[PDB]
Each structure stands twice: as C-alpha cells, then as structure tokens.
$ cat run.txt   # compact mmCIF, C-alpha atoms and all ligand atoms
# COMPACT_ATOMS: atom_id res chain seq x y z
CA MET A 1 17.43 -28.07 -4.94
CA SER A 2 17.13 -25.29 -7.53
CA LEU A 3 13.75 -23.64 -8.13
CA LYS A 4 12.28 -22.15 -11.30
CA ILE A 5 11.35 -18.58 -10.52
CA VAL A 6 9.57 -15.71 -12.17
CA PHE A 7 10.79 -12.42 -10.69
CA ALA A 8 8.82 -9.17 -10.70
CA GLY A 9 10.18 -5.84 -9.48
CA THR A 10 11.17 -2.39 -10.68
CA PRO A 11 13.16 0.13 -8.57
CA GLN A 12 16.57 -0.19 -6.87
CA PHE A 13 15.06 -1.82 -3.72
CA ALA A 14 14.43 -4.99 -5.78
CA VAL A 15 17.90 -5.31 -7.26
CA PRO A 16 19.77 -7.12 -4.43
CA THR A 17 17.08 -9.78 -4.23
CA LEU A 18 17.24 -10.32 -7.99
CA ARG A 19 21.03 -10.43 -7.80
CA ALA A 20 20.84 -13.01 -5.01
CA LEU A 21 18.61 -15.17 -7.20
CA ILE A 22 20.97 -14.62 -10.13
CA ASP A 23 23.99 -15.65 -8.05
CA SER A 24 22.19 -18.76 -6.71
CA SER A 25 21.43 -22.07 -8.44
CA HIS A 26 17.72 -21.20 -8.86
CA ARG A 27 16.60 -20.45 -12.40
CA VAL A 28 15.12 -17.03 -12.99
CA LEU A 29 12.95 -17.80 -16.04
CA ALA A 30 11.85 -14.21 -16.60
CA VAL A 31 11.85 -10.78 -15.03
CA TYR A 32 8.75 -8.59 -15.01
CA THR A 33 9.39 -4.82 -14.76
CA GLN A 34 7.73 -1.47 -15.47
CA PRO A 35 7.58 -0.54 -19.18
CA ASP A 36 10.42 1.78 -20.28
CA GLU A 47 14.82 1.74 -18.05
CA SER A 48 14.44 0.39 -14.51
CA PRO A 49 17.40 -0.79 -12.42
CA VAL A 50 15.83 -4.25 -12.53
CA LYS A 51 15.76 -4.31 -16.35
CA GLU A 52 19.44 -3.38 -16.42
CA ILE A 53 20.51 -6.29 -14.20
CA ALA A 54 18.26 -8.71 -16.10
CA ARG A 55 19.88 -7.75 -19.41
CA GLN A 56 23.40 -8.04 -17.97
CA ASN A 57 22.52 -11.61 -16.99
CA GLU A 58 20.69 -12.90 -20.08
CA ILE A 59 17.28 -13.02 -18.40
CA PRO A 60 14.21 -12.49 -20.64
CA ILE A 61 12.50 -9.18 -19.84
CA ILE A 62 8.70 -8.81 -19.80
CA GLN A 63 7.12 -5.37 -19.47
CA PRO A 64 3.32 -5.52 -19.47
CA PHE A 65 1.36 -2.34 -18.78
CA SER A 66 -1.30 -4.52 -17.17
CA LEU A 67 -1.59 -8.10 -15.93
CA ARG A 68 -5.37 -8.29 -16.24
CA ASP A 69 -5.16 -8.46 -20.03
CA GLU A 70 -5.98 -11.99 -21.20
CA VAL A 71 -2.79 -12.26 -23.24
CA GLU A 72 -0.26 -11.09 -20.64
CA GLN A 73 -2.01 -13.06 -17.89
CA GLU A 74 -1.81 -16.36 -19.77
CA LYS A 75 1.76 -15.74 -20.92
CA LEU A 76 2.73 -15.49 -17.24
CA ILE A 77 0.75 -18.48 -15.94
CA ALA A 78 2.08 -20.56 -18.86
CA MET A 79 5.68 -20.20 -17.66
CA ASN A 80 5.69 -23.26 -15.42
CA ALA A 81 7.72 -21.77 -12.59
CA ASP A 82 7.78 -23.22 -9.08
CA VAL A 83 7.33 -19.78 -7.57
CA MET A 84 6.99 -16.09 -8.35
CA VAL A 85 9.13 -13.68 -6.34
CA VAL A 86 7.84 -10.11 -6.12
CA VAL A 87 9.76 -7.08 -4.83
CA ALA A 88 8.49 -3.51 -5.29
CA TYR A 89 6.37 -4.29 -8.37
CA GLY A 90 3.74 -1.76 -9.43
CA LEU A 91 1.10 -4.04 -10.93
CA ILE A 92 -1.57 -5.84 -8.93
CA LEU A 93 -1.38 -9.60 -9.40
CA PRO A 94 -4.66 -11.19 -10.59
CA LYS A 95 -6.16 -14.18 -8.78
CA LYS A 96 -5.02 -16.57 -11.53
CA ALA A 97 -1.46 -15.22 -11.31
CA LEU A 98 -1.50 -16.05 -7.58
CA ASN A 99 -2.63 -19.63 -8.23
CA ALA A 100 -0.34 -20.10 -11.22
CA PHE A 101 2.62 -21.73 -9.46
CA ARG A 102 2.82 -24.47 -6.85
CA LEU A 103 4.62 -22.31 -4.26
CA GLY A 104 2.47 -19.26 -5.07
CA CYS A 105 3.64 -15.64 -5.11
CA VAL A 106 6.11 -14.58 -2.43
CA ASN A 107 6.80 -10.96 -1.51
CA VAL A 108 9.69 -9.17 0.22
CA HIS A 109 8.02 -6.48 2.34
CA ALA A 110 9.94 -3.68 4.08
CA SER A 111 8.41 -3.89 7.57
CA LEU A 112 7.75 -6.30 10.40
CA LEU A 113 4.18 -7.33 9.48
CA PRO A 114 1.47 -6.86 10.58
CA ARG A 115 3.01 -3.45 11.33
CA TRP A 116 3.14 -1.05 8.37
CA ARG A 117 1.19 -2.85 5.67
CA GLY A 118 1.03 -0.77 2.49
CA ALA A 119 3.19 1.45 0.30
CA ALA A 120 5.40 3.54 2.64
CA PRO A 121 6.61 1.28 5.51
CA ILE A 122 10.12 2.77 5.58
CA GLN A 123 8.94 6.39 5.81
CA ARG A 124 6.20 5.52 8.30
CA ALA A 125 8.49 3.55 10.62
CA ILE A 126 10.98 6.42 10.86
CA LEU A 127 8.21 9.02 11.20
CA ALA A 128 6.76 7.12 14.18
CA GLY A 129 10.15 6.81 15.85
CA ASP A 130 10.16 3.03 15.68
CA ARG A 131 13.47 1.86 17.12
CA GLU A 132 13.48 -1.20 14.88
CA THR A 133 11.88 -2.35 11.66
CA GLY A 134 12.71 -5.19 9.30
CA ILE A 135 11.85 -7.47 6.42
CA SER A 136 8.92 -9.87 6.20
CA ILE A 137 8.76 -12.61 3.56
CA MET A 138 5.04 -12.85 2.82
CA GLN A 139 2.79 -15.32 1.02
CA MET A 140 0.78 -13.09 -1.30
CA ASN A 141 -2.99 -13.02 -1.65
CA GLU A 142 -5.70 -10.68 -2.96
CA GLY A 143 -5.63 -8.40 0.08
CA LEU A 144 -3.19 -5.58 0.83
CA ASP A 145 -0.22 -7.14 2.66
CA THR A 146 -2.40 -9.48 4.73
CA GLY A 147 -0.71 -12.73 3.70
CA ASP A 148 0.90 -15.31 5.97
CA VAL A 149 4.45 -14.49 7.02
CA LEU A 150 7.08 -17.09 6.11
CA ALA A 151 9.98 -15.30 7.84
CA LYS A 152 11.23 -12.10 9.48
CA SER A 153 14.54 -10.38 10.17
CA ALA A 154 14.83 -7.15 12.18
CA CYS A 155 17.23 -4.22 12.14
CA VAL A 156 17.72 -1.13 14.26
CA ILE A 157 16.72 2.32 13.10
CA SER A 158 19.19 5.01 14.23
CA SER A 159 18.60 8.73 14.69
CA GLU A 160 21.20 9.15 11.94
CA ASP A 161 19.13 7.25 9.37
CA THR A 162 17.18 8.83 6.55
CA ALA A 163 14.66 6.73 4.61
CA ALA A 164 17.39 6.37 1.99
CA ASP A 165 19.83 4.84 4.49
CA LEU A 166 17.19 2.47 5.85
CA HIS A 167 16.03 1.60 2.32
CA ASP A 168 19.55 0.49 1.39
CA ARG A 169 20.04 -1.53 4.58
CA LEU A 170 16.69 -3.32 4.23
CA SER A 171 17.25 -4.03 0.52
CA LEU A 172 20.23 -6.23 1.43
CA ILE A 173 18.59 -7.90 4.42
CA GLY A 174 15.61 -8.71 2.18
CA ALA A 175 17.74 -10.43 -0.44
CA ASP A 176 19.46 -12.67 2.12
CA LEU A 177 16.21 -13.53 3.91
CA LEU A 178 14.32 -14.27 0.69
CA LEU A 179 17.04 -16.67 -0.44
CA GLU A 180 17.17 -18.38 2.96
CA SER A 181 13.39 -18.66 2.97
CA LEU A 182 13.18 -20.25 -0.49
CA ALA A 183 15.57 -22.93 0.77
CA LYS A 184 13.43 -23.72 3.82
CA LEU A 185 10.29 -23.48 1.69
CA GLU A 186 11.41 -26.33 -0.60
CA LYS A 187 12.53 -28.41 2.37
CA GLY A 188 9.14 -27.88 4.01
CA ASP A 189 10.89 -26.42 7.06
CA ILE A 190 9.10 -23.07 7.15
CA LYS A 191 6.81 -22.18 10.04
CA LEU A 192 3.93 -19.98 8.89
CA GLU A 193 2.94 -17.00 11.01
CA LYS A 194 -0.61 -15.83 10.39
CA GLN A 195 -0.91 -12.07 10.77
CA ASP A 196 -2.40 -10.84 14.06
CA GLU A 197 -4.98 -8.36 12.79
CA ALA A 198 -5.09 -6.53 16.12
CA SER A 199 -1.45 -5.47 15.67
CA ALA A 200 -1.90 -4.43 12.05
CA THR A 201 -1.10 -0.85 11.08
CA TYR A 202 -1.10 0.80 7.67
CA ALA A 203 1.76 2.67 6.03
CA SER A 204 -0.05 4.68 3.37
CA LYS A 205 1.76 6.96 0.93
CA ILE A 206 2.99 10.28 2.29
CA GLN A 207 0.44 12.99 1.45
CA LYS A 208 1.93 16.39 0.67
CA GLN A 209 0.24 18.09 3.63
CA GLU A 210 1.89 15.51 5.91
CA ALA A 211 5.27 16.86 4.75
CA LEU A 212 4.47 20.32 6.13
CA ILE A 213 6.35 21.03 9.34
CA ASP A 214 4.13 21.87 12.33
CA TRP A 215 6.47 23.94 14.48
CA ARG A 216 4.30 23.34 17.59
CA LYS A 217 5.50 19.71 17.63
CA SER A 218 8.61 18.70 19.57
CA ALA A 219 11.96 19.25 17.86
CA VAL A 220 12.35 15.49 18.22
CA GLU A 221 9.14 14.80 16.27
CA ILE A 222 10.00 17.30 13.53
CA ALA A 223 13.49 15.85 13.16
CA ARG A 224 11.95 12.40 12.59
CA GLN A 225 9.74 13.91 9.89
CA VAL A 226 12.80 15.47 8.22
CA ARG A 227 14.60 12.09 8.30
CA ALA A 228 11.57 10.00 7.25
CA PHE A 229 10.88 12.22 4.25
CA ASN A 230 14.40 12.23 2.80
CA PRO A 231 14.62 11.52 -0.10
CA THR A 232 10.81 11.76 -0.67
CA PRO A 233 8.85 13.91 -0.52
CA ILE A 234 11.14 16.11 1.65
CA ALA A 235 9.74 17.92 4.70
CA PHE A 236 9.07 21.62 4.18
CA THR A 237 8.10 24.82 5.94
CA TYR A 238 7.73 28.47 4.87
CA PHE A 239 10.27 31.31 4.71
CA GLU A 240 9.40 34.87 3.64
CA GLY A 241 6.18 33.65 2.01
CA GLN A 242 7.83 30.84 0.04
CA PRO A 243 8.02 27.09 0.66
CA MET A 244 11.37 25.89 2.01
CA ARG A 245 12.30 22.22 1.83
CA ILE A 246 14.39 20.92 4.73
CA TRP A 247 16.77 18.16 3.67
CA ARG A 248 19.02 17.83 6.72
CA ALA A 249 18.44 18.81 10.34
CA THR A 250 19.43 17.93 13.91
CA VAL A 251 17.90 18.37 17.38
CA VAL A 252 19.35 20.65 20.07
CA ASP A 253 17.89 19.80 23.47
CA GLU A 254 17.90 23.31 24.88
CA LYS A 255 15.02 25.36 26.22
CA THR A 256 13.92 28.58 24.55
CA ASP A 257 11.66 31.45 25.60
CA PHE A 258 10.67 31.85 21.93
CA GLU A 259 7.38 30.84 20.24
CA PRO A 260 7.37 27.90 17.80
CA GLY A 261 8.85 28.68 14.40
CA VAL A 262 10.83 31.64 15.75
CA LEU A 263 14.51 31.94 14.79
CA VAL A 264 16.90 31.37 17.69
CA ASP A 265 20.21 31.79 15.85
CA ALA A 266 21.73 31.56 12.35
CA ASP A 267 25.24 30.15 12.02
CA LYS A 268 27.32 27.96 9.68
CA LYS A 269 26.63 25.28 12.26
CA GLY A 270 22.94 25.59 11.44
CA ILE A 271 19.74 27.60 11.31
CA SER A 272 18.41 27.12 14.84
CA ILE A 273 14.64 27.40 15.17
CA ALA A 274 12.45 27.15 18.29
CA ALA A 275 9.98 24.26 18.22
CA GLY A 276 7.24 23.37 20.72
CA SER A 277 10.08 21.90 22.76
CA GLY A 278 13.81 22.09 22.13
CA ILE A 279 15.39 23.53 19.00
CA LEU A 280 15.63 22.24 15.43
CA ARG A 281 18.80 23.12 13.54
CA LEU A 282 18.65 23.27 9.73
CA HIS A 283 21.79 22.13 7.89
CA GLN A 284 20.66 21.67 4.29
CA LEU A 285 17.65 23.44 2.83
CA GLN A 286 16.12 24.44 -0.48
CA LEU A 287 14.28 27.47 -1.81
CA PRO A 288 11.99 27.24 -4.89
CA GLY A 289 13.83 26.41 -8.11
CA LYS A 290 17.20 26.53 -6.37
CA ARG A 291 19.82 23.90 -5.60
CA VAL A 292 19.92 22.51 -2.05
CA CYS A 293 22.22 24.72 0.06
CA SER A 294 24.04 24.61 3.41
CA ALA A 295 23.09 26.78 6.38
CA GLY A 296 26.20 28.89 5.66
CA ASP A 297 25.31 29.42 2.00
CA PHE A 298 21.76 30.42 3.01
CA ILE A 299 23.07 33.01 5.49
CA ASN A 300 25.34 34.48 2.82
CA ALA A 301 22.38 34.92 0.48
CA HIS A 302 19.55 35.79 2.87
CA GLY A 303 21.24 36.75 6.13
CA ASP A 304 19.74 40.23 6.15
CA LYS A 305 16.34 38.56 6.57
CA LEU A 306 17.39 36.44 9.55
CA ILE A 307 16.42 38.25 12.75
CA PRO A 308 16.72 36.19 15.96
CA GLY A 309 13.57 36.43 18.07
CA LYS A 310 11.60 37.93 15.17
CA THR A 311 11.91 36.09 11.83
CA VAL A 312 9.38 33.16 12.06
CA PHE A 313 9.23 30.01 9.89
CA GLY A 314 6.00 28.37 8.73
K K B 1 20.77 -18.29 -11.24
$ encode --input "run.txt" --output "structure tokens"
Amino acid sequence: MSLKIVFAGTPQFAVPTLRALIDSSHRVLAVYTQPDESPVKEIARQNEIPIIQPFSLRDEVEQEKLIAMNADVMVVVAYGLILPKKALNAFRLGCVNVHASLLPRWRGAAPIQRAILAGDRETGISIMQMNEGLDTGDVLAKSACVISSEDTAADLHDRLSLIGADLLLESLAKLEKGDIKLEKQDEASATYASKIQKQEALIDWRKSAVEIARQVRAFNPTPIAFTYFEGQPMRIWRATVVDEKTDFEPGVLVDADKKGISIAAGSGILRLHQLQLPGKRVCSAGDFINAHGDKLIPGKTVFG
C-alpha cells in the first residue's frame, strides 16, 4: 500500500500517531507544527521529516505550498490552526482527524476534561473526516476505553494518545482498501466539550463529594480545581471521596490528618491530599498541617 501523508500536530498527544506513521511504510512528506519547540517538531527532526511552521494557513503562500505537496491524505492531531476549504480539498483522501472522544459526544476542545467531569464511565477515539464545521465530520472508526475513578485527565490523555495512534493506522489501511464504513454523526446525540473556563474550576462545596472529586480529577493537570482558604485561593491537585455522613455544613473542616484534609461537602466528605497556596510549591496534607495547622479548626474553619 503505502500512502503519502502530510501530518499536522503540536503537543505530546500527537506524538504517538506521528511515531506510528514514522514506523509504518507510509511516507510522511512533511510535518506542520506550531512556530517555535513542540514535541512534534522534535520527533520530526529525529526522523528526517521536513518541518513547516506557518503562523497562519489562510495566507496565499502557505496555503499553496501545502496544497502543492501532492499527498494522498493529511493527518491532523491536536493542531492549532484552522484548515481552509482549499486545504480540505487538496488531497484525494481529504483531511483526517484523531479526536479524543466518542463522537458525536464531546465535540470541541476539551473532550478529555469534559468526559471525566461528567462522570462518563467510558470515552474513546474517533477517526473523523474533517470539514469546515467544528468536529461534525463523518466518523471513519471508533475505539473505546474505560475511565476509572483513579484517572486524572493526564492519565486518560496518555491512554487515548496510544489508542489513537493504533486506530488511525488501522483506519488508513482500511481507507485505501475501501473497506471503511462511514458513520454520519447523529446530531441529536451531539454534545460540546468547550474549554474549561476559570470559574468552572471553582469548587462548589454544596455539590456531592463525588461530583467535586470528578472536578478535581478532570482538571488535573489543567486548569486545576481550586477553593479558598483564609481569604486566599487554594488549588486542589489530589483528592479522594470518603462516603461518610457529616452533621457539618458544606465547606466545613471535618478533620486534618496526614491521611488528608477532610472537608464536608453537600454529601459525603472530600479528602485533600495535595494542594497549593499562592506562589508556593504543591504540598501534601501533612506538610500543610505542619505549616498552617493552627488555622485548622474542625467544625469551624470553612473552605470556599
Ligand atoms: K515511514
């Protein structure tokens, strides 16, 4: 077989897919990446692939340089530039994307965070035929994976990055054989995974400990969930749920121990394990107690 491919991508999520193309018999003619370096640029250089870094793909020059490549297909993974209509019609197999959700669920920029935040028990990868809309293209293939209550967005990101590489490669093979079954997106099931707004990262202590814990997981490593302590913002990096009833109001301190800073939520208890005060390194519950223990009064203190 062997296809001629232009690859476009920037952050670490894209690397495994690029590496899979590099390790295959397909020919990666060029790699497009953010101007300066990205993880993608590094792997391109290590493998003798020409590196193109336009600031914009609407510019006449850059647009025609791309369409003039004579690739069979363009593969796009986490690329920051919008692809112009001509770019999309440039190659016979079009532009194919590796999207980190099970479309039509979680179209948009933050599908990993949003899936975890919602308590989805599974998510996955969709290989998508790109068009001029936002993640509305036909789905060439899907592969699902479980989300565990242990997973942060970082963990899920890494898992999906590998699944995406394998699926993309398998899909390009079926795509050149003409063995792929298109799945048009069911608009009724479509949901949008927009970027996490800062206010969304604020912990609402009235919510269930279970809901807050999902927020803490979803938002690690960005933007990190946060609450307030002694008038100052406090980022919560690691937490766990304790399914025990309290008489205390939401946000009220239950107990402070090396095992965690236990806080009453609207139901159950959230236990803080790793946290961060302004301009300070992230610290354990034990460290925090050593520094600020005199301000930790069970039944009185109050977070948020
Ligand atoms: K190759």
$ residues_near_ligand --input "run.txt" --ligand "ligand K 1 (chain B)" --cutoff "6 Å" --atoms "all atoms listed in the file" --output "list in words"
residues 21, 22, 23, 24, 25, 26 and 27 of chain A
$ closest_residue --input "run.txt" --among "A:207, A:56, A:218, A:311" --to "residue 255 (chain A)" --atoms "all atoms listed in the file"
A:218
$ closest_atom_pairs --input "run.txt" --of "region 164-259 of chain A" --to "region 274-298 of chain A" --cutoff "12 Å" --atoms "only C-alpha atoms" --output "Markdown table"
| residue | atom | partner | partner_atom | distance |
| --- | --- | --- | --- | --- |
| A:213 | CA | A:275 | CA | 10.1 |
| A:214 | CA | A:275 | CA | 8.6 |
| A:215 | CA | A:275 | CA | 5.1 |
| A:216 | CA | A:276 | CA | 4.3 |
| A:217 | CA | A:276 | CA | 5.1 |
| A:218 | CA | A:277 | CA | 4.8 |
| A:219 | CA | A:280 | CA | 5.3 |
| A:220 | CA | A:278 | CA | 7.8 |
| A:221 | CA | A:277 | CA | 9.7 |
| A:222 | CA | A:280 | CA | 7.7 |
| A:223 | CA | A:280 | CA | 7.1 |
| A:224 | CA | A:280 | CA | 10.9 |
| A:225 | CA | A:280 | CA | 11.6 |
| A:226 | CA | A:282 | CA | 9.9 |
| A:227 | CA | A:282 | CA | 12.0 |
| A:230 | CA | A:284 | CA | 11.4 |
| A:234 | CA | A:285 | CA | 9.9 |
| A:235 | CA | A:285 | CA | 9.8 |
| A:236 | CA | A:285 | CA | 8.9 |
| A:237 | CA | A:285 | CA | 10.1 |
| A:238 | CA | A:287 | CA | 9.4 |
| A:239 | CA | A:287 | CA | 8.6 |
| A:240 | CA | A:287 | CA | 10.4 |
| A:241 | CA | A:287 | CA | 10.9 |
| A:242 | CA | A:288 | CA | 7.4 |
| A:243 | CA | A:287 | CA | 6.7 |
| A:244 | CA | A:287 | CA | 5.1 |
| A:245 | CA | A:286 | CA | 5.0 |
| A:246 | CA | A:285 | CA | 4.5 |
| A:247 | CA | A:284 | CA | 5.3 |
| A:248 | CA | A:284 | CA | 4.8 |
| A:249 | CA | A:282 | CA | 4.5 |
| A:250 | CA | A:281 | CA | 5.2 |
| A:251 | CA | A:280 | CA | 4.9 |
| A:252 | CA | A:279 | CA | 5.0 |
| A:253 | CA | A:278 | CA | 4.9 |
| A:254 | CA | A:278 | CA | 5.1 |
| A:255 | CA | A:278 | CA | 5.4 |
| A:256 | CA | A:274 | CA | 6.6 |
| A:257 | CA | A:274 | CA | 8.5 |
| A:258 | CA | A:274 | CA | 6.2 |
| A:259 | CA | A:274 | CA | 6.6 |
$ atom_distance --input "run.txt" --atom1 "CA of residue 178 (chain A)" --atom2 "CA of residue 15 (chain A)"
12.5 Å
$ atom_distance --input "run.txt" --atom1 "CA of residue 314 (chain A)" --atom2 "CA of residue 262 (chain A)"
9.1 Å
$ atom_distance --input "run.txt" --atom1 "CA of residue 58 (chain A)" --atom2 "CA of residue 96 (chain A)"
27.3 Å
$ closest_residue --input "run.txt" --among "A:106, A:32, A:266, A:88" --to "residue 75 (chain A)" --atoms "all atoms listed in the file"
A:32
$ residues_around --input "run.txt" --residues "residue 208 (chain A)" --least-positions-apart "3" --cutoff "8 Å" --atoms "only C-alpha atoms" --output "ChimeraX atom specification"
/A:211-212,233
$ closest_residue --input "run.txt" --among "A:177, A:159, A:55, A:99" --to "residue 142 (chain A)" --atoms "only C-alpha atoms"
A:99
$ closest_residue --input "run.txt" --among "A:105, A:163, A:31, A:3" --to "residue 140 (chain A)" --atoms "only C-alpha atoms"
A:105
$ residues_around --input "run.txt" --residues "region 186-193 of chain A" --least-positions-apart "2" --cutoff "12 Å" --atoms "all atoms listed in the file" --output "ChimeraX atom specification"
/A:1-4,26,82-83,102-103,112-114,136-139,146-152,179-184,195-197
